[PDB]
Every structure is written in structure tokens, then in C-alpha cells.
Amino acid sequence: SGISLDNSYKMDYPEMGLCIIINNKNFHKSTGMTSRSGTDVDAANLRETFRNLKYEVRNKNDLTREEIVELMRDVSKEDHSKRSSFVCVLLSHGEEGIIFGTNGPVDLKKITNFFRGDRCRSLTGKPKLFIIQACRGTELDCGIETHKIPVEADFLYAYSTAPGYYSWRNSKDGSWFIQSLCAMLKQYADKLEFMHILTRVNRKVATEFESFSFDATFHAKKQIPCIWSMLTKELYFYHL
């Protein structure tokens, strides 16, 4: 045949792949973690958004740290040979490098390691997307007025907030980041490469949101998400 190029992931496998959504709203009393009002809005928005991208969505609610690890292990042991990609969305409390089960923390590294190039062979060379709405610390952004392959390759971490910072969630509308992500996927998934979609998410969160609080410490604060890409190709959710 004619000249060929290989700059974008193959996304025309029979299935787009799994979209695992872990929605932790209510936490064991002994942890002292507050309930995450608005997270069900996020979880429903994500389910619909990824449904329309033809992902096989599985929603899981209020999982312990043990249940999170067992779920990820079991999912990583499935046969993904007929699937183009893998998506995991984590909605919970967190700190840098950590997301919380209902009864205590899980290292993000522990979760993603199940999907390493050498440990999930049916996803080797396929994009593995982790979307994280969770705090990464307690900093607040005040704003300013205006061949082998590496085992860590082909991961993308779409973080809601910069390293070290809180992440903002509205109890009525959902989280700033998930709201914006679903809106941009809805509008641009048939149009733009994924990094360009996430850049528009960055701009939407950065420009359209500002916190309102009766507490001066938490009032008038801003947020920027953080795209961490170890992908090796362009990612389009559509195919020719």
C-alpha cells in the first residue's frame, strides 16, 4: 500500500476498553474524613461522557483500601486484547501520591503498577489513562489578576490540581475539574487530540472557577490541573 505513518495510538480495536470509576463519597467515621458532597454528580457525568465515547463503564461506590486494590488487581488480570485503551477515574480524598479508600489510604503507585507494561501484557503499548479528582496536599492558589519499551510508558495521569495543592469540589455542581473535563470531552472528543482537550480543560478550570467561602483562608482561591503524560503517541477517541 501507500506511505504509512504511526503517530497515533490504534483506537479501532473491537472495544474502546474499560472505564473504571471509583466514587468514594462516605468514609468510615474513625478516619475522620468528611463526606464528599457533589461527587455523585461527577460520577454520573463521567459515566455518561465515557458511555458516549463507547467505553465499558463500571461505577464502584465507597470502596475500602482493600477493595480498591483487589478491584484494580482483578481488572489488570482481565484479557484486554480486544480493547484499545484503559481508563480509571478516582474520586476521593487524597494527598500527594495517595488516594483514600473509605478506611485509609492507597498509594497511587500501587494501583498503577498493576497495569505496568510488563505486568498487564494485553495493555502493553496501549494508552492507560488515570483521571484523579483528589487533593494533593493543602496548598491554596491565591491567583493573580489579569525492542523493549519502558514499563512506565503509555500512562497518562490527568490530575485535577497541581502537586501539593487542594482540589476544589462544589457540593451542588460537582468538582471543578470533572465538570470541565466532561464538558470538553463532550465538545471536542470528535475533533481534538487528547492533550489538546486536556489543555482546554486546564484553561476552563483556570479561568471560569474561583472559590467562595465565609472563611478568609479558603476564599477567592484558584485551581490549575496538571497533565502528566508518559504517552508515546497522539490519542484520538475517534478513528477513520
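Just count from 1 along the sequence shown to find any residue number.
The modelled chain breaks after residue 146 and resumes at residue 147, leaving 10 or more residues of the deposited sequence without coordinates. Remark: stretch with higher mean C-alpha B factor among 153 to 161 and 135 to 143 is 135 to 143. Stretch comparison (57 to 65 versus 197 to 205) by mean CA B-factor in the PDB entry places 57 to 65 on top.
For residue 87, the recorded CA temperature factor ranks within the lowest third of the chain's modelled residues.
Sorting the modelled residues of the chain by their CA temperature factor places residue 51 in the lowest third. When all modelled residues of the chain are sorted by CA temperature factor, residue 42 is found within the middle third.
Ranked against the other modelled residues of its chain, the C-alpha B-factor of residue 121 as given in the entry falls in the middle third.
Sorting the modelled residues of the chain by their CA temperature factor places residue 168 in the lowest third.
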